[PDB]
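Heads up, the Cβs are rebuilt from the backbone with ideal geometry, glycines too, and the neighbour counts pull from every protein chain shown. Here, each number is a calculation from the coordinates, and none is a lab measurement.
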């Protein structure tokens, strides 16, 4: 639930607009891409420092670095995910965002 | 269309509250403490409403100052029509709820505002401070310890959740409130109290060098 | 198509009543008993209307409180214009029957409220308690034994159907009503009675330690 | 979209202010100095509002003159209802903000105007000049040194930022203001001051040969 | 365009009246007899209008009770303005026709209602009972023997067509009317008469044990 | 597109002014001279407004006569409310500008009119004649020498540009004005002057045989 | 009725008697006629009891209302003006015998010299007001006797205390020569009421101090 795994912000009309994390979108292809990125990071590490091993830190960093390259999910999911997000919330999704001169706000 | 027309207005109101400064109100030994992040020296977000009833708000100013004025009007008309000790924080909170609901389902644009009405006991009397939060829906919630309004409320609300202590003195509650608000000097803070020890008018601002000493 | 709009108005009102807490009102030996599931300490869903006429509601707070206020206004204007013993629960029910119809056909959104008007006999008099239910349609149903309003009404209505007993004492009717309502402590219950034995004003709240003893 | 419509309104108002002349107001030793680029001899963009409160504007003449008149009306009604020393530049600025928040959201076309309300201290008194700038949206900004309105504000603001000096005399502040405004003779300049040394009415125009000598 | 609205207005009004109880009114020796199928004990579909003029209705209750009240208002204002013997069933019927036509063409929804105005002669006078039926559009029809309103009118109207007998006593006309209405006990019948033998106020309800004896 | 919609409202007004006759007003030794091409003997396009303030117009007769009347109304109400010497051509011009702007933005169709307000000095006084031109949108322009309104203004404006001479007598200015207007006899010309030498009312028509002698 | 007000070096003091009559009949033995309308003013009202108490109440409400809307109290000038407008508003009822005249004491925080920031303001029935400069004022049926007493006693006023003593004495002489003004009741223990305003605001003088002063005066007169 930590804000370190933020994936999308859904602008629910009724307010309390909800933050969808990576857990809400962990598809199998996303998991394979994450493990491949971790493997690439391990390869870079073994080429940089020499030691032949795979670190848990590689996986931990791939967790946060997977979103650096979008997996075609943000703003482009099927209406099934939007429907489920709305059904759980009970409100229509006005807009989704990735994570002036209009009056005065105090 | 029923909910669809209403919900669209709600999204705009929630967005406006998010683009605004944060205010906190918490109970302490001498009453209630309002601490707001406010750069201007003229425009305010904390106000006396009646003898023992205070008021804080966050969101479009032309709107929550309109409510500030309406509430002052109401409270004084009641106090004169009946008596001063008859106006209570509860009535005021209820009027704000009715009024924010009526704006939500009739006016063109919903008031992007969030209100907190506070009340303390009378002089030489004993009773716990009451905090109410009124949202743009017309919803009203009874808070036992503290209210956080405007901006990102989660980190401030959690920091207060760890630091809060009932019967904290004025200085401790000020430290806790500024600390949780950071999650700022006297030139960027608006601080006032509902001092339960005052004989009649309980609201009292803490500015300048006195504020400097307290923090 | 007014028919499509009317069909969606009815569904919207039904959803609002379902999206709310549950209230029950039942006849017992000393009059009528209102038992509502209410967490707040300031916001109330049971009210005195006139000397022997009580009122319970379920739906949107601001709206059924609007009706509460209107009914109080009506009853007092009649009682003063004619006499106290002329205002009856039947008149009140009828006025809320026509006001909810007018609202349901003429206002933008229909009120999402469900009303129950209760009446008992006068002091030293003998007569059966009368319960009326007024829906958002404006339909008025004459109930002989109990009314259940708001939320999911089926399980509560059935539990009451098995447990109800005419001429049950105050404590038994309270146990039956709380039990069927569960299908909650003094900090989450609003309990009041229309005590037929009082000389004039029959409505009487049961709160705190007295409520604690009764349940 | 709802957001797109508000952005379109903002663009129309910005275009009107951009299609106009430039005005500057800056603090100097004797008070505040207004220097506007104005060719006409009858139409003016700088005006007295009250004893110590001045006013400059940039945009559509009929509208900021409408605001000029409304402000005069307001200030005099207050001064007569309470007293002269009670009307402050701060109240006036606030009223203009509320008015430009109501016009922008309620009228057909937003006012394409940029306002600056200025205030100095009373006679024999000591206090820093206050400048407020009210935008067409209804936002108000507290300025410590100078305000630039209308036309290409950024090049003029950049020059004032380098040339400004607190406690500059009237001639130096006039040279700085005309210079930064160029980034024009007495036949194309409207110049007035809020001279803090005057006993009551502080506003005073500088025209003709006296203006000729000063520049 | 108005005629297409009228076609929609015809069906909606007709369907609503069909969704209601059946009422009959017939002439008998002592005047006119109203027999309605009515379960409620508070809500009534038969009413006194003036000294010798009675009224029955079938449709949405809120709308024909609105008409009931309007007619009472009218009749009393006339009787006081001129005299009691000047108000006639014919005037009343005509007013209801004008009002139902205006409602049917001008209001959003047509009153789904069907009216019957009845009149008998004055005391010690001789004259045949008059029945008028006013439909939702404003049409008015003069009936010599009986009127049937609401629900499925064909079988009841035919059964009455075979059973009707002029100068039948009160008991026979009650049997005929209940029989044709069946095509129900004292707990589901609303029965009243326009007794031509009363000195002034002819309308008289027949309820409880007296009704029990008659049927 | 708001700008394009304004362009349509601007083109329609411009088309109306072109679909008409031409008027000129120019300064000469004795004051100001109005020379209009006007065939009718009853309908006039030049008028007295106040003691020293004259008025000429070009466009749609009913509308600029509406403005003529409004201006007369204004000037007399001021002159009576304050004094005669307080009403100036500048105030009048400003009122016409405000009014034509309000009409141009708020009414259905913009006033296809072009106005010229003229003023001379008082008797035995010395001051240059002032000419203002007010266009259909509300724009106002200060003219030093002459104004040309309606029809094709370029050739007349240029011919005047070559022929104009300050302090030309009445006959020379009449020849120049008729000549540049041709770019017509006493039966097709409306000629009037604002003679600065008159004691009070400066406006004076030159018609018939006197006009015949002058031209 | 009689209400005196006098400036002293650094502040202002305002005292009032306690009696209320109907004709020759003594109807109230403990009415309070001097109110604290706000932290820097006090208002005495002579005249009809109803109109008086209502004036005081409504004026306090209005001062505080503007203070809450604008975030700053009116200047002493604005306060003077509002009170004057109320008084002018009661003029018709005053001609009908419902007259109420207020005497307004205040401490101007914005004045230049603190030692002379005290302010006394008197009103007539037609709303005109006047800023007193000879250092003292009074209103009510005993006002003439009170003023003629303070004219002689005023050279003794040098601080808050001596000013209070002089106030109480002036009241004693008002009551001594007029029957509608009640003097110190030694039997029931009812003494005039007093308010002191200085740089720190307005405080009610506690009854004991007024008691001791009254008993000093009474022991002085009897020898």
Taking the range C:176-214, which residues are loosely packed, with under 13 Cβ neighbours inside 10 Å and not in a loop (DSSP other than H, G, I, E, B)? C:182, C:208, C:209, C:210, C:212, C:213
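How many residues are within 30 Å of residue E:109 (Cα to Cα) and either under 13 Å from the mean Cα position of the chain (by Cα) or surrounded by 14 or more Cβ atoms within 10 Å (Cβ to Cβ) (or both) if we restrict to the range E:147-173? Write out each step before concluding.
Taking the range E:147-173 and keeping what is within 30 Å of residue E:109 (Cα to Cα), we get E:147-157.
Add one more test, that the residue is either under 13 Å from the mean Cα position of the chain (by Cα) or surrounded by 14 or more Cβ atoms within 10 Å (Cβ to Cβ) (or both), and what stays is E:147-151, E:153, E:155-157.
Counting residues in the range E:147-173 that are within 30 Å of residue E:109 (Cα to Cα) and either under 13 Å from the mean Cα position of the chain (by Cα) or surrounded by 14 or more Cβ atoms within 10 Å (Cβ to Cβ) (or both) gives 9.
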Within the range C:121-146, restricting attention to residues that are buried (at least 19 other Cβ atoms within 10 Å of the Cβ) and within 11 Å of chain E (Cβ to nearest Cβ), which residue is nearest to the chain's Cα centre (by Cα)? C:132
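What about residue F:77, is it within 14 Å of chain D (Cβ to nearest Cβ) and either over 14 Å from the mean Cα position of the chain (by Cα) or within 21 Å of residue F:196 (Cα to Cα) (or both)?
Details: within 14 Å of chain D (Cβ to nearest Cβ): no; either over 14 Å from the mean Cα position of the chain (by Cα) or within 21 Å of residue F:196 (Cα to Cα) (or both): yes.
In short, no.
Before we move on, is residue F:9 in contact with a helix residue (DSSP H, G or I) (Cβ under 8 Å, 6 or more places away or on another chain) and under 24 Å from residue D:109 (Cβ atoms)? Walk me through how you get there before you give the answer.
On the way: in contact with a helix residue (DSSP H, G or I) (Cβ under 8 Å, 6 or more places away or on another chain): yes; under 24 Å from residue D:109 (Cβ atoms): yes.
Judged against the criteria, residue F:9 is a match.
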Is it the case, given these coordinates, that residue C:101 is farther than 27 Å from residue C:183 by Cα, within 12 Å of another protein chain (Cβ to nearest Cβ), touching a helix residue (DSSP H, G or I) at 6+ places or on another chain (Cβ under 6 Å) and part of a helix (DSSP H, G or I)? yes
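Restricting attention to the range G:92-99, does a residue exist that is within 14 Å of chain D (Cβ to nearest Cβ), surrounded by 15 or more Cβ atoms within 10 Å (Cβ to Cβ) and touching a strand residue (DSSP E or B) at 6+ places or on another chain (Cβ under 9 Å)? Break it down into steps so the answer makes sense when it comes.
Keep residues of the range G:92-99 that are within 14 Å of chain D (Cβ to nearest Cβ), which gives none.
Scanning the range G:92-99, I find no residue that is within 14 Å of chain D (Cβ to nearest Cβ), surrounded by 15 or more Cβ atoms within 10 Å (Cβ to Cβ) and touching a strand residue (DSSP E or B) at 6+ places or on another chain (Cβ under 9 Å), so the answer is no.
Would you call residue B:96 within 10 Å of another protein chain (Cβ to nearest Cβ) and either over 20 Å from residue B:202 (Cα atoms) or touching a helix residue (DSSP H, G or I) at 6+ places or on another chain (Cβ under 7 Å) (or both)?
Details: within 10 Å of another protein chain (Cβ to nearest Cβ): no; either over 20 Å from residue B:202 (Cα atoms) or touching a helix residue (DSSP H, G or I) at 6+ places or on another chain (Cβ under 7 Å) (or both): yes.
Considered against the rule, which asks whether it is within 10 Å of another protein chain (Cβ to nearest Cβ) and either over 20 Å from residue B:202 (Cα atoms) or touching a helix residue (DSSP H, G or I) at 6+ places or on another chain (Cβ under 7 Å) (or both), residue B:96 comes out as no.
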Looking only at the range E:157-175, count every residue that is in a helix (DSSP H, G or I) and within 18 Å of residue E:196 (Cβ to Cβ) and tell me the total. 5
When you scan the range D:111-120, do you find a residue that is under 24 Å from residue D:19 (Cα atoms), assigned to a loop (DSSP other than H, G, I, E, B) and either more than 8 Å from every other protein chain (Cβ to nearest Cβ) or in contact with a strand residue (DSSP E or B) (Cβ under 8 Å, 6 or more places away or on another chain) (or both), even just one? yes
Which of the residues spanning the range B:80-93 are surrounded by fewer than 20 Cβ atoms within 10 Å (Cβ to Cβ) and either outside any helix (DSSP H, G or I) or more than 11 Å from chain C (Cβ to nearest Cβ) (or both)? B:80, B:81, B:82, B:83, B:84, B:85, B:86, B:88
With the requirement that a residue be out of contact with any helix residue (DSSP H, G or I) (no Cβ under 6 Å at 6 or more places or on another chain) and crowded, with 22+ Cβ neighbours inside 10 Å, what does the range G:121-163 give you? G:137, G:139, G:140, G:143, G:163
Scan the range G:63-82 for residues that are within 20 Å of residue G:45 (Cβ to Cβ), in contact with a helix residue (DSSP H, G or I) (Cβ under 6 Å, 6 or more places away or on another chain) and more than 10 Å from chain D (Cβ to nearest Cβ) and jot them down. G:65
